[PDB]
$ cat query22.cif   # mmCIF, N, CA and C atoms
data_final
loop_
_atom_site.group_PDB
_atom_site.id
_atom_site.type_symbol
_atom_site.label_atom_id
_atom_site.label_comp_id
_atom_site.auth_asym_id
_atom_site.auth_seq_id
_atom_site.Cartn_x
_atom_site.Cartn_y
_atom_site.Cartn_z
ATOM 1 N N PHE A 1 -21.189 -6.779 4.596
ATOM 2 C CA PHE A 1 -19.879 -7.409 4.917
ATOM 3 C C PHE A 1 -18.865 -7.147 3.809
ATOM 4 N N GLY A 2 -17.591 -7.043 4.199
ATOM 5 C CA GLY A 2 -16.521 -6.793 3.242
ATOM 6 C C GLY A 2 -15.241 -7.526 3.597
ATOM 7 N N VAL A 3 -14.383 -7.726 2.590
ATOM 8 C CA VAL A 3 -13.105 -8.419 2.778
ATOM 9 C C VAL A 3 -11.943 -7.608 2.200
ATOM 10 N N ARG A 4 -10.988 -7.258 3.068
ATOM 11 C CA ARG A 4 -9.814 -6.478 2.666
ATOM 12 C C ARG A 4 -8.528 -7.242 2.966
ATOM 13 N N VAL A 5 -7.586 -7.191 2.020
ATOM 14 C CA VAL A 5 -6.294 -7.875 2.162
ATOM 15 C C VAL A 5 -5.148 -7.007 1.639
ATOM 16 N N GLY A 6 -4.208 -6.683 2.533
ATOM 17 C CA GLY A 6 -3.061 -5.862 2.167
ATOM 18 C C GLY A 6 -1.887 -6.047 3.109
ATOM 19 N N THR A 7 -0.695 -5.660 2.643
ATOM 20 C CA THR A 7 0.532 -5.776 3.436
ATOM 21 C C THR A 7 0.899 -4.447 4.093
ATOM 22 N N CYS A 8 0.805 -3.365 3.318
ATOM 23 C CA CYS A 8 1.123 -2.022 3.806
ATOM 24 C C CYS A 8 -0.148 -1.169 3.941
ATOM 25 N N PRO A 9 -0.193 -0.205 4.918
ATOM 26 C CA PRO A 9 -1.372 0.669 5.132
ATOM 27 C C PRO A 9 -1.647 1.611 3.949
ATOM 28 N N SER A 10 -2.849 2.211 3.940
ATOM 29 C CA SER A 10 -3.276 3.134 2.875
ATOM 30 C C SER A 10 -2.367 4.365 2.788
ATOM 31 N N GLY A 11 -2.064 4.774 1.553
ATOM 32 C CA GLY A 11 -1.200 5.923 1.317
ATOM 33 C C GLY A 11 0.212 5.512 0.932
ATOM 34 N N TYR A 12 0.313 4.446 0.129
ATOM 35 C CA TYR A 12 1.601 3.919 -0.327
ATOM 36 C C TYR A 12 1.577 3.632 -1.828
ATOM 37 N N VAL A 13 2.770 3.479 -2.424
ATOM 38 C CA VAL A 13 2.888 3.197 -3.858
ATOM 39 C C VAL A 13 3.134 1.696 -4.070
ATOM 40 N N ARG A 14 2.077 0.990 -4.491
ATOM 41 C CA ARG A 14 2.141 -0.453 -4.733
ATOM 42 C C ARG A 14 2.285 -0.735 -6.225
ATOM 43 N N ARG A 15 3.521 -1.008 -6.660
ATOM 44 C CA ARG A 15 3.806 -1.294 -8.071
ATOM 45 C C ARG A 15 4.977 -2.262 -8.195
ATOM 46 N N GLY A 16 4.803 -3.294 -9.035
ATOM 47 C CA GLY A 16 5.840 -4.305 -9.237
ATOM 48 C C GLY A 16 5.866 -5.354 -8.132
ATOM 49 N N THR A 17 4.672 -5.655 -7.581
ATOM 50 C CA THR A 17 4.473 -6.640 -6.484
ATOM 51 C C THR A 17 5.208 -6.250 -5.182
ATOM 52 N N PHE A 18 5.558 -4.959 -5.051
ATOM 53 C CA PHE A 18 6.240 -4.452 -3.854
ATOM 54 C C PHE A 18 5.654 -3.105 -3.417
ATOM 55 N N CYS A 19 5.625 -2.882 -2.101
ATOM 56 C CA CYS A 19 5.106 -1.639 -1.529
ATOM 57 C C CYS A 19 6.235 -0.852 -0.863
ATOM 58 N N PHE A 20 6.444 0.386 -1.324
ATOM 59 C CA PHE A 20 7.504 1.242 -0.783
ATOM 60 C C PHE A 20 6.958 2.634 -0.380
ATOM 61 N N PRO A 21 7.679 3.418 0.498
ATOM 62 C CA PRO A 21 7.227 4.755 0.916
ATOM 63 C C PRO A 21 7.585 5.847 -0.087
ATOM 64 N N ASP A 22 6.592 6.693 -0.380
ATOM 65 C CA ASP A 22 6.739 7.809 -1.323
ATOM 66 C C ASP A 22 5.621 8.834 -1.090
ATOM 67 N N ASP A 23 4.370 8.350 -1.090
ATOM 68 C CA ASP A 23 3.195 9.197 -0.872
ATOM 69 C C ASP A 23 2.825 9.264 0.624
ATOM 70 N N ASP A 24 3.539 8.485 1.452
ATOM 71 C CA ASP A 24 3.296 8.450 2.897
ATOM 72 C C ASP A 24 4.242 9.408 3.633
ATOM 73 N N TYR A 25 5.517 9.415 3.224
ATOM 74 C CA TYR A 25 6.529 10.280 3.835
ATOM 75 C C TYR A 25 7.051 11.303 2.826
#

$ encode --input "query22.cif" --output "C-alpha cells"
Amino acid sequence: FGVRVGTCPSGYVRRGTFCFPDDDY
C-alpha cells in the first residue's frame, strides 16, 4: 500500500510552495 498527495501532475517544477509549467510544456 502507498499514499500520494499532490496538486499538479508529474512533470512540473514545484519550488517556493507553488507549481508552474516549464518541464511539461

$ resolve_selection --input "query22.cif" --expression "the PyMOL selection byres ((chain A and resi 24) around 6.5)" --output "PyMOL selection string"
chain A and resi 11-13+21-23+25

$ atom_distance --input "query22.cif" --atom1 "atom C of residue 16 of chain A" --atom2 "atom N of residue 3 of chain A"
23.0 Å

$ atom_distance --input "query22.cif" --atom1 "atom CA of residue 20 of chain A" --atom2 "atom C of residue 7 of chain A"
10.0 Å

$ atom_distance --input "query22.cif" --atom1 "atom C of residue 19 of chain A" --atom2 "atom CA of residue 5 of chain A"
14.7 Å

$ select_by_dssp --input "query22.cif" --residues "chain A" --states "strand (DSSP E or B)" --output "ChimeraX atom specification"
/A:13-14,19-20

$ axis_aligned_box --input "query22.cif" --around "segment 5-21 of chain A" --padding-each-side "4 Å" --output "AutoDock Vina command-line options"
--center_x 0.0 --center_y -1.0 --center_z -2.1 --size_x 23.3 --size_y 21.8 --size_z 22.4

$ build_atoms --input "query22.cif" --residues "segment 7-21 of chain A" --atoms "N, CA, C and O atoms" --output "PDB file, in the coordinates of the input"
ATOM      1  N   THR A   7      -0.695  -5.660   2.643  1.00  0.00           N
ATOM      2  CA  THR A   7       0.532  -5.776   3.436  1.00  0.00           C
ATOM      3  C   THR A   7       0.899  -4.447   4.093  1.00  0.00           C
ATOM      4  O   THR A   7       1.257  -4.412   5.275  1.00  0.00           O
ATOM      5  N   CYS A   8       0.805  -3.365   3.318  1.00  0.00           N
ATOM      6  CA  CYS A   8       1.123  -2.022   3.806  1.00  0.00           C
ATOM      7  C   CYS A   8      -0.148  -1.169   3.941  1.00  0.00           C
ATOM      8  O   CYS A   8      -1.097  -1.362   3.177  1.00  0.00           O
ATOM      9  N   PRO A   9      -0.193  -0.205   4.918  1.00  0.00           N
ATOM     10  CA  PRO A   9      -1.372   0.669   5.132  1.00  0.00           C
ATOM     11  C   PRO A   9      -1.647   1.611   3.949  1.00  0.00           C
ATOM     12  O   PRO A   9      -0.793   1.785   3.074  1.00  0.00           O
ATOM     13  N   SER A  10      -2.849   2.211   3.940  1.00  0.00           N
ATOM     14  CA  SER A  10      -3.276   3.134   2.875  1.00  0.00           C
ATOM     15  C   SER A  10      -2.367   4.365   2.788  1.00  0.00           C
ATOM     16  O   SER A  10      -1.959   4.919   3.813  1.00  0.00           O
ATOM     17  N   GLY A  11      -2.064   4.774   1.553  1.00  0.00           N
ATOM     18  CA  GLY A  11      -1.200   5.923   1.317  1.00  0.00           C
ATOM     19  C   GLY A  11       0.212   5.512   0.932  1.00  0.00           C
ATOM     20  O   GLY A  11       1.183   6.149   1.352  1.00  0.00           O
ATOM     21  N   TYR A  12       0.313   4.446   0.129  1.00  0.00           N
ATOM     22  CA  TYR A  12       1.601   3.919  -0.327  1.00  0.00           C
ATOM     23  C   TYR A  12       1.577   3.632  -1.828  1.00  0.00           C
ATOM     24  O   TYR A  12       0.502   3.551  -2.433  1.00  0.00           O
ATOM     25  N   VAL A  13       2.770   3.479  -2.424  1.00  0.00           N
ATOM     26  CA  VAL A  13       2.888   3.197  -3.858  1.00  0.00           C
ATOM     27  C   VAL A  13       3.134   1.696  -4.070  1.00  0.00           C
ATOM     28  O   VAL A  13       4.242   1.198  -3.849  1.00  0.00           O
ATOM     29  N   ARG A  14       2.077   0.990  -4.491  1.00  0.00           N
ATOM     30  CA  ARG A  14       2.141  -0.453  -4.733  1.00  0.00           C
ATOM     31  C   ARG A  14       2.285  -0.735  -6.225  1.00  0.00           C
ATOM     32  O   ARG A  14       1.300  -0.693  -6.974  1.00  0.00           O
ATOM     33  N   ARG A  15       3.521  -1.008  -6.660  1.00  0.00           N
ATOM     34  CA  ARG A  15       3.806  -1.294  -8.071  1.00  0.00           C
ATOM     35  C   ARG A  15       4.977  -2.262  -8.195  1.00  0.00           C
ATOM     36  O   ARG A  15       6.012  -2.077  -7.546  1.00  0.00           O
ATOM     37  N   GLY A  16       4.803  -3.294  -9.035  1.00  0.00           N
ATOM     38  CA  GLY A  16       5.840  -4.305  -9.237  1.00  0.00           C
ATOM     39  C   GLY A  16       5.866  -5.354  -8.132  1.00  0.00           C
ATOM     40  O   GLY A  16       6.928  -5.874  -7.793  1.00  0.00           O
ATOM     41  N   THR A  17       4.672  -5.655  -7.581  1.00  0.00           N
ATOM     42  CA  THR A  17       4.473  -6.640  -6.484  1.00  0.00           C
ATOM     43  C   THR A  17       5.208  -6.250  -5.182  1.00  0.00           C
ATOM     44  O   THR A  17       5.431  -7.097  -4.307  1.00  0.00           O
ATOM     45  N   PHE A  18       5.558  -4.959  -5.051  1.00  0.00           N
ATOM     46  CA  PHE A  18       6.240  -4.452  -3.854  1.00  0.00           C
ATOM     47  C   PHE A  18       5.654  -3.105  -3.417  1.00  0.00           C
ATOM     48  O   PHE A  18       5.242  -2.299  -4.257  1.00  0.00           O
ATOM     49  N   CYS A  19       5.625  -2.882  -2.101  1.00  0.00           N
ATOM     50  CA  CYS A  19       5.106  -1.639  -1.529  1.00  0.00           C
ATOM     51  C   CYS A  19       6.235  -0.852  -0.863  1.00  0.00           C
ATOM     52  O   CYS A  19       6.904  -1.363   0.041  1.00  0.00           O
ATOM     53  N   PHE A  20       6.444   0.386  -1.324  1.00  0.00           N
ATOM     54  CA  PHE A  20       7.504   1.242  -0.783  1.00  0.00           C
ATOM     55  C   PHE A  20       6.958   2.634  -0.380  1.00  0.00           C
ATOM     56  O   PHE A  20       5.883   3.024  -0.859  1.00  0.00           O
ATOM     57  N   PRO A  21       7.679   3.418   0.498  1.00  0.00           N
ATOM     58  CA  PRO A  21       7.227   4.755   0.916  1.00  0.00           C
ATOM     59  C   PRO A  21       7.585   5.847  -0.087  1.00  0.00           C
ATOM     60  O   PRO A  21       8.713   5.914  -0.579  1.00  0.00           O
TER      61      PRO A  21
END
